[PDB]
K.L.:
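Sharing a structure with you now.
Both ligands and their constituent atoms are indexed starting at 1 by order of listing. Positions are given from 1, in the same order as the sequence printed here. All values below were derived from every heavy atom in this structure, side-chain atoms included, with hydrogens, water molecules and symmetry-related copies excluded.
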Amino acid sequence: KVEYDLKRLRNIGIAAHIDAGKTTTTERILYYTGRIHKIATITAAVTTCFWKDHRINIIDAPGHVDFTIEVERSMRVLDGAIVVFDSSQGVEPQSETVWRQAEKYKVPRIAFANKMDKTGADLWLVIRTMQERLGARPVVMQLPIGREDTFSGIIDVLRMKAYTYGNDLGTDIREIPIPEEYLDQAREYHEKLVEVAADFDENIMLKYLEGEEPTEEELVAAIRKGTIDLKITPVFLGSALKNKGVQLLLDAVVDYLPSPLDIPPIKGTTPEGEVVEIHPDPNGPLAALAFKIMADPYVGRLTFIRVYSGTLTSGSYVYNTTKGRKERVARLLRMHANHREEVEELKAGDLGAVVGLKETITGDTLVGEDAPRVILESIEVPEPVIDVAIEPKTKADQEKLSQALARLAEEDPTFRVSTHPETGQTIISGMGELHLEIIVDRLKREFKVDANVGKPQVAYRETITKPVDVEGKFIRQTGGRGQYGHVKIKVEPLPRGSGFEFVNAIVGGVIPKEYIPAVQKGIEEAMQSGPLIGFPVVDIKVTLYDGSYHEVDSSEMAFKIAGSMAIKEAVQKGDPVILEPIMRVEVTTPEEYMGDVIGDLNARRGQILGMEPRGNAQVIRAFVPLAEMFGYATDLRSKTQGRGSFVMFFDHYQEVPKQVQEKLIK
Ligand SMILES: Nc1nc2c(ncn2[C@@H]2O[C@H](COP(=O)(O)OP(=O)(O)O)[C@@H](O)[C@H]2O)c(=O)[nH]1
Ligand SMILES: [Mg+2]
């Protein structure tokens, strides 16, 4: 027997500018691969299929489309990529953005000039622009027969044969000889191809010299080596829509894209912090990454995983190293184009879905019960730095918004719901504009919740900068009785990020013990709104140390208020100050636009940390206030002729300069 072979795995992702043909190309890969296995929602995060004895796991799901969380993780999870270019989109400036991503995560790729049928279809413009702008070193693997409407065929220039397509349905294909008017062009590019292969094979170099045509297999193997070691980009061509070229692209996935053997081992960290390489050994200890959780309308919660080492067995227990608990793997599944398949196991190099696993979230590492504890993804609590207010038009929209968030907080445990202290509205808080922007689209559409949605707003905080010693006195005859509460507190600043710290130095019934929770609750509520701009108070330690009470007039109501009053007083007395989030920012740019990107970041109150090169591009690292980063994606495209791209992570909170302090009151 046999079925699992590591050499025959081909984990891929299709990377394309929006509208280039990612989806159509994927659908067509799924149609052609599913033909043999028929006479003996979609899409899923990973969809398996078969071609010429090889298993191709097609990694997607994102959604989005700027969402760096989903993109990073999905790149570690695939081994190789097909970058689809639109042949008819002339400049295609943001098609560069997705190339930079593949370069960033060191993923071997082939290219597919995908709309040859269309008006404007220009293979050569794709090759030249790949050369000049991306520094990709493309190698022409195919030549088109016909142009635009009359696009009828494709020449494979490696093997010196061609194919004609008798229809647009993908149901008539015939190995033809290279026709007359194309044959000279094929000889030129075939020996250009042989020339490129000679750089990664000394045997082929010696053959090229003599004019001896090398063996097809030696040629495939040399282009493959150069592809996998990131020195060339084989280019193929077609119309996905008109079912021309998609079977040859599938051949290229097997010929040139990597198995999980061919790429460097994934890097992981022990709990000790020692970095280690994780080899794809199916009989080794299990190590696996959850990279997408998925609600399902049949089997329920599905966590999609990539096994890097060992074997994951259905009916086993695995250890979630990020959290600290055993979980039960109930079942394993592969998602095919039309159907599900139950499987007994997923070995190293492979991907699928596990039912079970209730407490595992995206990015979590799963290892064997008695296996080395490794953490693949670096741990980080991502800060809710952006809030959006949201008001349902009726009471009927209130309860189905409450369901929209409690049900969407389980798939995505990374946002934070609350209620504005001085208004009373629902406030979703998250890692960015676009995290909240698509939560809002899932709310109004998928959960049918129409609501008055407010401007995105940065999550400012407030704190004090010197120690203070203050009172709160609530003493009133209100609502038919006397009320009395009296607190004294020392408040002092805590180290940035340390949070909140309450200390009871009440020494002798000076405030009766029964009212001590009341004063804490008062302190708590009053910290929700600071004196400067009404935003939460953080990073302080409060110490209750004196007070008084009245024999009959004191109450929890009175001491709570006395607590609020004391906190209000202290924050205003304590040289208060606004804290804003500061983001880590990596901008990728062409070098001619590079001085202009630095200057613009400095005008945004940025500090430049340092730039290193990435391909023919340049990666600038910097700190900038998130408050200064609004509308940045458009402003960056303006100063890079659309070729730039960035990613943005929370780093720390810092004290705003007093010039900004004044601007924020209104
Ligand atoms: N004319 C032409 N259109 C295509 C081709 N491939 C895809 N499209 C169309 O381009 C549009 C966007 O396609 P899609 O695959 O969804 O792009 P995506 O956003 O990158 O997933 C769709 O309406 C497709 O039908 C092609 O080969 N030729
Ligand atoms: Mg799509």
K.L.:
Heavy atom to atom 3 (N) of ligand 1, shortest distance: which of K115, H17, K22 holds it?
P.N.:
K115
K.L.:
Please determine whether side chain to side chain donor-acceptor pair (under 3.5 Å) holds for the pair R55 and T48, giving the CA-CA distance in whole Å, both sets of side-chain angles, and the decisive distance to 0.1 Å.
P.N.:
CA-CA 7 Å; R55 185 186 288 281; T48 207; 2.8 Å; yes
K.L.:
Does the protein place a non-hydrogen atom closer than 4.0 angstrom to atom 10 (O) of ligand 1?
P.N.:
yes
K.L.:
Between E148 and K118, is there a side-chain N and carboxylate O pair less than 4.0 Å apart?
P.N.:
no
K.L.:
Looking at atom 6 (N) of ligand 1, what's its closest protein heavy atom, distance included?
P.N.:
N114 OD1, 3.2 Å
K.L.:
May I ask you to identify the nearest protein heavy atom to atom 13 (O) of ligand 1, giving residue, atom name and distance to one decimal place in Å?
P.N.:
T24 OG1, 3.9 Å
K.L.:
Looking only at non-hydrogen atoms, find the nearest pair between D412 and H435 and report the distance.
P.N.:
OD2-CE1, 3.4 Å
K.L.:
Is the shortest side-chain N to carboxylate O distance from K242 to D117 below 4.0 Å?
P.N.:
no
K.L.:
Can you name the atoms of ligand 1, numbered from 1 with element, that are less than 4.0 Å from a heavy atom of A240?
P.N.:
27 (O)
K.L.:
Does the protein place a non-hydrogen atom closer than 4.0 angstrom to atom 22 (C) of ligand 1?
P.N.:
no
K.L.:
Quick one: does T23 get an N or O within less than 3.5 Å of an N or O on ligand 1?
P.N.:
yes
K.L.:
Using a strict cut-off of 4.0 Å, indicate which atoms of ligand 1 neighbour a heavy atom of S239.
P.N.:
26 (C), 27 (O), 28 (N)
K.L.:
Is the shortest distance from a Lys or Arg side-chain nitrogen in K22 or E27 to a carboxylate oxygen in the other one below 4.0 Å?
P.N.:
no
K.L.:
Among protein heavy atoms, which sits nearest to atom 28 (N) of ligand 1, and what does the distance come to when rounded to 0.1 Å?
P.N.:
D117 OD1, 2.9 Å
K.L.:
Could you tell me whether some N/O pair between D19 and ligand 1 is separated by less than 3.5 angstrom?
P.N.:
yes
K.L.:
To the nearest 0.5 Å, what is the distance between CD1 (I59) and CG (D79)?
P.N.:
7.0 Å
K.L.:
Do the two ring centres, one from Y632 and one from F646, sit under 6.0 Å apart?
P.N.:
yes
K.L.:
Look up atom CG in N11 and atom CG in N57, then write down how far apart they are to the nearest 0.5 Å.
P.N.:
4.5 Å
K.L.:
Quick one: list whatever passes side chain to side chain donor-acceptor pair (under 3.5 Å) with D387, sequence neighbours left out.
P.N.:
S429
K.L.:
Is it possible for you to check whether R10 lies under 6.0 Å from the centre of the six-membered ring of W51, through NZ or CZ, and within 45° of that ring's axis?
P.N.:
no
K.L.:
Can you list the protein N, O or S atoms less than 2.8 Å from the Mg ion (ligand 2)?
P.N.:
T23 OG1
K.L.:
Could you tell me the separation between the CD1 atom of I154 and the OG atom of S239, rounded to the nearest 0.5 Å?
P.N.:
9.5 Å
